[PDB]
A.B. asks: 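Here it is, the structure, as structure tokens.
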Amino acid sequence: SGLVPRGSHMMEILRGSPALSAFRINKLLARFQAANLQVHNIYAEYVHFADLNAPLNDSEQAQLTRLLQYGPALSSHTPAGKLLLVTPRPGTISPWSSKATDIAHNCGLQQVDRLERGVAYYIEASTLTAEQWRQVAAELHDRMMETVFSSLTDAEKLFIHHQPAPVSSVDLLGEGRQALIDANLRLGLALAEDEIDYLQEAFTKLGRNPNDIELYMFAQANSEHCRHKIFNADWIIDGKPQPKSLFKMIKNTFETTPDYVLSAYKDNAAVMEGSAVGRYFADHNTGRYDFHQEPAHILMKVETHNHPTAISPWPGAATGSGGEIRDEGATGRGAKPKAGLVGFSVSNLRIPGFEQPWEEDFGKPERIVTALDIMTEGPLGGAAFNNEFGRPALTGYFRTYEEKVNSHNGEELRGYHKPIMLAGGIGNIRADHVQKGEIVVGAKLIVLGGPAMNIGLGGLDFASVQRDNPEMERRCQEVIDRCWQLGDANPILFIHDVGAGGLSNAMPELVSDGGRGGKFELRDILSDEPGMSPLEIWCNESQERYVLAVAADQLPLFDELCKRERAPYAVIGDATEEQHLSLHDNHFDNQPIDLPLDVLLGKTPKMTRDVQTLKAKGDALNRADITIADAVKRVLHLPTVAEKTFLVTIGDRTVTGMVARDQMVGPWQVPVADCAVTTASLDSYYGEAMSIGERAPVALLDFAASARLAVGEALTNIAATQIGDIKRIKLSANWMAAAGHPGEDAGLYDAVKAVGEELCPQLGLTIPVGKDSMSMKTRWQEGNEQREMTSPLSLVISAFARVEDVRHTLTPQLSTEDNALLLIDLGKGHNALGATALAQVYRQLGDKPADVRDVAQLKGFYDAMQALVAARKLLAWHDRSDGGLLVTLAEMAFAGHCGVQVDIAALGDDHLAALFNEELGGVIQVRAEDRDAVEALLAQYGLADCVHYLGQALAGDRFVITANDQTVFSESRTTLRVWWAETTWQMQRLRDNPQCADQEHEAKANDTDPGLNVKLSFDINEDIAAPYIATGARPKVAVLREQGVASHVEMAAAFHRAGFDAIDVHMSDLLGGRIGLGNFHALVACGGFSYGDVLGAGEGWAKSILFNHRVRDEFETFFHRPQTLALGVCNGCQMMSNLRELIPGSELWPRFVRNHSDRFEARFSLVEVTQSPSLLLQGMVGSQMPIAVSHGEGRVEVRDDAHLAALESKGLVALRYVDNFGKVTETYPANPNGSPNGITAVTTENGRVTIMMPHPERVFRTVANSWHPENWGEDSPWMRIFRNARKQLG
Ligand SMILES: Nc1ncnc2c1ncn2[C@@H]1O[C@H](COP(=O)(O)OP(=O)(O)O)[C@@H](O)[C@H]1O
Ligand SMILES: [Mg+2]
Ligand SMILES: [Mg+2]
Ligand SMILES: [Mg+2]
């Protein structure tokens, strides 16, 4: 390895492994050929750069070399041709770096200052000109995040040491107001005239010049994004002053319906009442996991990250998740995120080779990415954050819209060049932590989380490129968890997330919220960029940080908690009685900030918006080119309608072990569930539900109708879940608009009024949380002309509710038992076609849209559904939304893998309008014998005239719609289901391994697929551990975790149910002597993402054990005892595979590497239990049942065929993926990762150690299995693993 001077440090260069698989190499060659670049070949290798502060001895060097050997064993090539090295841009530090460097330090290599990675490309193309070489270089990197170098030695530039930049004053006293005008422009403060006035007067009064940092702080605090001026403005509309601000109209909902609300409008989440259940966590004193019966209240929040996503979609989406997760954890005095939701709105995809007939290229700004690139990289970023942090992502939306329409401001382009990138979720919170505490004078003021850099300052446009490190956030969440788990002894007095404005907002808002001042020391803040100015330090929008206040006497406890989780923290100030803000700098011996808080936090006048109504005249839908058959095909091809698998299986849906209802439904795992449901605890059937409603294109015709439909659809999506009182349902209202665009402002007011003053109070729905994003428009020059793309007003409503029994949830999976299909048409026969999917796919807007037709009937629908749910009278439910009744029926037939025979003669003479309107309502399926009773029930709620018997679900493949004796539409259901799949197919195909995309798609066309199905070799209800549990003797299990691991609570709970005392054992506990494995007879290594999988999944964890001789010895000793048991699941499996030199009987084990799909796979996969020595699978051999899978590096990799054959002949294979026909498979996704012979679990020769990629601990509860046979009780088959362990111990 290479090793040269790099300032007071030395940089080593270490070559890594091949970086690209053959499909990705071929994609690059095809792109160069399409661009007329004659490239003969391309080969890529990772290269690593280690900046060292001191030398490595030979042992240390071999350890560093070994740390940097990872990943799939692709065949190495001798470098040939031109080197292009792609690295992060100078001045940036990759999240890869942060994690890789933590691993080096936890392996005892303190001499590593920083590790970084690049990709060396070797291109053979002897005939290219210098210009053509620039296009090659352009193709090989992201211009927003990366740079191209011609030498490996050039990477020295990434580690340059910079001295701190000083504070700069702005010379108001020496130049007058012009100094503030110049700074306004130079610093991009975007100050209004009245804000310059305020600053001029404030600093004139103080008799000194403002520092740059003070102006920047002020400017960030007074932005639209931070201050919410529009939502607090007075209004005049069509010449009349209005009596309430938008915010006041939202609050009207809480004034009307306070019921069940614990916190609204006073934290960065709302809280509502949950259920009393067993909250499960490890005690601070004993480290044992135990249930604590108490209220688990429910917090909720939804945010957006629209602007940055248009510039750099992966970090835009990722930090959109990240910031929202921080709002949750910083609710009250600390709380715990549980589950997430995700939303995207973009312009037309225009997928190459799959362009649809409604799509026209209108151009875009050069500086933004395309809709397609947002829907490629954005979902992967948001999913990487949720996956790595560890919260399941269980509901969402994805809308495309880009058309030239005759809307409120006449003919113009309406769309989403600036996208909607929405992230939300729910969490649980303790009752006594809901209220933020008071901040005592002298409280210590702390930054919890990552060392900062000059990122995102004030929100090419590099300042819009964010940076995501979910593992850092998980480490912080663990600390928050330890704090709230101390109950009365929770040392957090107050906590807030660090978002816009960075510390410059978060710290002043924290002390101000306590009625205190603060004094701070700049040099106590953790930095990863020593060159930063005070302005940059204070104002940067670095991620994964929280601010909180702790009593000084609690610092030693806080320090212990942080050090055990490896969460970085710094005490950076003290709360003061005086309401003043001081920031000192010990390096420069000066005071960058010195301001009264009332000066800093003082406000210019309230805004007044004086505006006028515009309203579009609709035009009747021109039906010339429309036929029913062509419309069905088009609508199924609209992304908004079409199958969403590309957005679903990339995100974990099982972590926590509390997921009851995820997107995928039934044996064929079709993503049509209308809402998400989680259990409240690991020991309850009480729970929580989440749904979304949204209908933006309607706002191009009618602003209020669009907002009423968003609320209505949230209710119809949630309605077949057992909740009871509608007042249990709480909403977030997220408002996206192009404020100032003609007609939008009045429309915004009318829409807010429609829901806040009218619909929500009448229904009894509170909106206790919300947000707004008010510049949803993009402008650019397109040839000679000014062009503009403006969003419709886009309200997204998320609904959240406590659930009475998660078991009683209905899905769209039709039964073929004798049945009746009933439409509930809340449209009352209006059958509106304006602003539908139908209109859109023929490039039109139409006349009049749907709307809430009858408030009482909407409420009646909800209450009727709740009565039907609780009385178990529904077989299925699916609501009507995009694509109308047609799509509702279709989706039900897809989920039930069956046919329908329905008649629509009662729905009007206009069959197109009957099938494609998007009025509220839906289809219930009931047992035939219950039809009359169900109809009578609906009639009691005032709905008889809305209710229509359609027909029946039938076995087979026919989708038939009649009207009297005429066939209106008839098609193969398989044909329809494959058309509906084509969008996800094509997205998967361009994003992932196209072989896998193709396999997945083509399998959907085989109607003989029987779906997931079970074969059981044992009695799943027989608690073979009961006689042991009945003695009260409970063996310990070490539930092993590492920084970044999120799977440990539910792993503990599985062993707890089998009779174990589950002990929390962090790798810091072993390294610090607090736990020794000699005290345990069983160990489990848990899944998740230790170190964000950097340096190969499980490798850093394993090598941290191997390279500490003491801890290595401990592990070896444990594994060589005669009766000990060990289990490794997912990340634990990977870790243990990398530790196999310590494990007897493991010489034939494989490695676990990148899935063949090249994509994370969150699947509910069918496995069979195979004959092997494994003690943990005793009694289960020959069983076949599904299991949760959630991994990106689960592919079994062997050295050669000799190795595979030996492993197989030894008989150590314990689980294999099978297809639904029951055969061992390598076809995707039945086998999700490409493992040979379906291998996904191995054991040792003595059977005492078993490792597996799937997660049995996430599915030991029947209620947590996405699909399961109806006759199962509480226990799934997988419970037997943990029971076997207990019985084995005796
Ligand atoms: N962006 C997304 N991320 C994850 N899941 C999504 C996303 N968009 C849609 N889904 C899921 O795919 C399924 C179909 O979505 P959609 O048709 O938009 O729902 P609906 O029409 O019932 O409102 C649902 O289970 C939904 O939660
Ligand atoms: Mg839909
Ligand atoms: Mg729905
Ligand atoms: Mg929807």
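Along the sequence shown, the residues carry numbers beginning at 1. Side-chain atoms are counted along with the backbone in the values below, which use heavy atoms only and exclude waters and symmetry mates.
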A.B. asks: Between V167 and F588, is any pair of side-chain heavy atoms under 4.5 Å apart?
C.D. replies: no

A.B. asks: Ring centroids only, cut at 6.0 angstrom: are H307 and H225 within range, meaning strictly under it?
C.D. replies: no

A.B. asks: What pairs of residues pass the side-chain hydrogen bond (donor to acceptor under 3.5 Å, both in side chains) test when at least one of them lies in residues 146-157, not counting sequence neighbours?
C.D. replies: none

A.B. asks: List the steps, then state whether side chain to side chain contact (heavy atoms under 4.5 Å, CB included) holds for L600 with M217.
C.D. replies: CA-CA 9 Å; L600 177 58; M217 167 172 57; 3.7 Å; yes

A.B. asks: Okay, side chain of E536, backbone of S533: is any donor-acceptor separation there less than 3.5 Å?
C.D. replies: yes

A.B. asks: With side chain to side chain contact (heavy atoms under 4.5 Å, CB included) as the test, pick out the partner of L445 among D574, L548, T576, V511.
C.D. replies: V511

A.B. asks: Considering the options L67, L64, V47, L115, which one meets the side chain to side chain contact (heavy atoms under 4.5 Å, CB included) requirement together with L14?
C.D. replies: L64

A.B. asks: Should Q1134 and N1131 be marked as a side chain to side chain contact (heavy atoms under 4.5 Å, CB included) after you check the CA-CA gap, both sets of side-chain angles, and the distance that decides it?
C.D. replies: CA-CA 5 Å; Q1134 295 154 339; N1131 206 214; 2.9 Å; yes

A.B. asks: Please answer whether the main-chain N or O of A443 pairs with a side-chain N or O of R516 as donor and acceptor at a distance below 3.5 Å.
C.D. replies: no

A.B. asks: With side chains defined as the heavy atoms from C-beta onward, is the minimum distance between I650 and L380 less than 4.5 Å?
C.D. replies: yes

A.B. asks: So that I know where these two stand, are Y70 and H48 an aromatic pair - ring centroids less than 6.0 Å apart?
C.D. replies: yes

A.B. asks: Give me the atom names and distance for the closest heavy-atom approach of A137 to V148.
C.D. replies: O-CG2, 4.0 Å

A.B. asks: Any idea which heavy atoms bring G1092 and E388 closest together, and the distance?
C.D. replies: CA-OE2, 3.4 Å

A.B. asks: Whether the side chain of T331 engages the backbone of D327 through a donor-acceptor N/O pair (distance < 3.5 Å, no angle test) should be reported.
C.D. replies: yes

A.B. asks: Please determine if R475 and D102 form a salt bridge, counting it only when a charged side-chain N lies under 4.0 Å from a carboxylate O.
C.D. replies: yes

A.B. asks: For a quick test of reading the model, state the closest non-hydrogen atom pair linking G334 to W484 and the distance between them.
C.D. replies: O-CB, 3.8 Å

A.B. asks: Taking the basic N atoms (NZ, or NE/NH1/NH2) and the acidic carboxylate oxygens, is any pair closer than 4.0 Å for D461 and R367?
C.D. replies: no

A.B. asks: Any side-chain donor-acceptor pair under 3.5 Å between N57 and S59?
C.D. replies: no

A.B. asks: Please step through side chain to side chain contact (heavy atoms under 4.5 Å, CB included) for the pair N387 and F1089, ending with a clear verdict.
C.D. replies: CA-CA 8 Å; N387 287 347; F1089 286 75; 3.9 Å; yes

A.B. asks: Keeping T92 on the side-chain end and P88 on the backbone end, is there a donor-acceptor pair under 3.5 Å?
C.D. replies: no

A.B. asks: Which value, rounded to the nearest 0.5 Å, describes the distance between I572 atom CD1 and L503 atom CG?
C.D. replies: 5.5 Å

A.B. asks: In terms of side-chain geometry, is the basic nitrogen of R326 or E303 positioned less than 4.0 Å from the acidic oxygen of its partner?
C.D. replies: no

A.B. asks: Mind checking the CG-CG spacing from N540 to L535? Nearest 0.5 Å is all I need.
C.D. replies: 9.5 Å

A.B. asks: In terms of side-chain heavy atoms, does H584 have a donor or acceptor partner in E521 at a distance below 3.5 Å?
C.D. replies: yes

A.B. asks: Distance-only, no hydrogens or angles: does the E1193 side chain make a donor-acceptor pair with backbone N or O of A1097 under 3.5 Å?
C.D. replies: yes

A.B. asks: Give a yes or no on whether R564 atom CZ has more than 12 heavy-atom contacts from other residues, nucleotides or ligands under 6.0 Å away.
C.D. replies: yes

A.B. asks: Please name all residues satisfying ring pair (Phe, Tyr, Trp, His ring centres under 6.0 Å) with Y569, sequence neighbours left out, ordered by chain then number.
C.D. replies: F558

A.B. asks: In residues 522-532, what donor-acceptor pairs under 3.5 Å come from side-chain atoms, sequence neighbours left out?
C.D. replies:
{"unit_1": "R523", "atom_1": "NE", "unit_2": "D585", "atom_2": "OD1", "d": "2.8"}
{"unit_1": "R523", "atom_1": "NH2", "unit_2": "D585", "atom_2": "OD2", "d": "2.9"}
{"unit_1": "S527", "atom_1": "OG", "unit_2": "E529", "atom_2": "N", "d": "2.9"}
{"unit_1": "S527", "atom_1": "OG", "unit_2": "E529", "atom_2": "O", "d": "3.1"}
{"unit_1": "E529", "atom_1": "OE1", "unit_2": "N454", "atom_2": "N", "d": "2.8"}

A.B. asks: Under 4.0 Å between a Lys/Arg side-chain N and an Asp/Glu carboxylate O for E1042 and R566?
C.D. replies: yes

A.B. asks: Any donor-acceptor pair under 3.5 Å linking the side-chain atoms of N53 with those of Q110?
C.D. replies: no

A.B. asks: Would you mind checking if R114 and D51 are paired as a salt bridge, meaning a charged N to carboxylate O distance below 4.0 Å?
C.D. replies: no

A.B. asks: Can you measure from OG1 (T319) to CD (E541) and round to the nearest 0.5 angstrom?
C.D. replies: 9.5 Å

A.B. asks: Is there a donor-acceptor pair under 3.5 Å between the side chain of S1104 and the backbone N or O of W1101?
C.D. replies: yes

A.B. asks: With side chain to side chain contact (heavy atoms under 4.5 Å, CB included) as the criterion, how do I446 and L555 come out once you've worked through the C-alpha distance, each side chain's angles and the decisive distance to 0.1 Å?
C.D. replies: CA-CA 10 Å; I446 282 162; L555 235 27; 3.9 Å; yes

A.B. asks: Going by ring pair (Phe, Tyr, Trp, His ring centres under 6.0 Å), name the residues that satisfy it together with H587, two or more places apart in sequence or in a different chain.
C.D. replies: none

A.B. asks: Mark yes or no for whether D559, through its side chain, and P556, through its backbone, hold a donor-acceptor pair below 3.5 Å.
C.D. replies: no

A.B. asks: OG of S504 to CZ of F218: how many Å apart, nearest 0.5 Å?
C.D. replies: 12.0 Å

A.B. asks: What verdict does the side chain to side chain donor-acceptor pair (under 3.5 Å) test give for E473 and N469, after you've listed the backbone C-alpha separation in whole Å, the side-chain angles of each residue and the deciding distance to 0.1 Å?
C.D. replies: CA-CA 7 Å; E473 189 143 308; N469 186 352; over 6 Å; no

A.B. asks: Quick one about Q466 and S312 (side-chain donor to acceptor, distance below 3.5 Å, no hydrogens or angles considered), yes or no?
C.D. replies: no

A.B. asks: Not counting sequence neighbours, which residues clear ring pair (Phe, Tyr, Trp, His ring centres under 6.0 Å) with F520? List them please.
C.D. replies: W538

A.B. asks: Mind listing the closest non-hydrogen atom pair of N386 and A393 along with its distance?
C.D. replies: ND2-CB, 4.0 Å

A.B. asks: Report yes or no: does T101 contribute a side-chain atom to a donor-acceptor pair with the main-chain N or O of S98 at less than 3.5 Å?
C.D. replies: no

A.B. asks: Quick one: CD1 on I492 to CZ on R482, what's the gap to the nearest 0.5 Å?
C.D. replies: 11.5 Å

A.B. asks: Quick one: does any side-chain atom of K519 pair with a main-chain N or O of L581 as donor and acceptor, under 3.5 Å?
C.D. replies: no

A.B. asks: Between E565 and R474, is there a side-chain N and carboxylate O pair less than 4.0 Å apart?
C.D. replies: no

A.B. asks: Considering non-hydrogen atoms only, spot the tightest contact between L52 and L3 and give its length.
C.D. replies: CD1-CD1, 3.8 Å

A.B. asks: Taking only residues two or more places apart in sequence, or in another chain, which ones meet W314 in a ring pair (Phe, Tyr, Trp, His ring centres under 6.0 Å)?
C.D. replies: none

A.B. asks: Considering only NZ, NE, NH1 and NH2 on the basic side and carboxylate oxygens on the acidic side, decide whether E324 and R391 come within less than 4.0 Å.
C.D. replies: yes

A.B. asks: Between the side chains of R1041 and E478, is the shortest nitrogen-to-carboxylate-oxygen separation below 4.0 Å, so that they form an ion pair?
C.D. replies: yes

A.B. asks: Is the closest side-chain donor-acceptor distance between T87 and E116 under 3.5 Å?
C.D. replies: no

A.B. asks: So, does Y216 use its side chain to make a donor-acceptor pair with the main chain of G188 at under 3.5 Å?
C.D. replies: no

A.B. asks: Please report the closest heavy-atom contact between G1098 and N1138, naming both atoms and the distance.
C.D. replies: C-ND2, 3.7 Å

A.B. asks: Rounded to the nearest 0.5 Å, how far does CG of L1095 lie from NZ of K1103?
C.D. replies: 7.5 Å

A.B. asks: Could you tell me whether the side chains of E12 and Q61 share a donor-acceptor contact shorter than 3.5 Å?
C.D. replies: yes

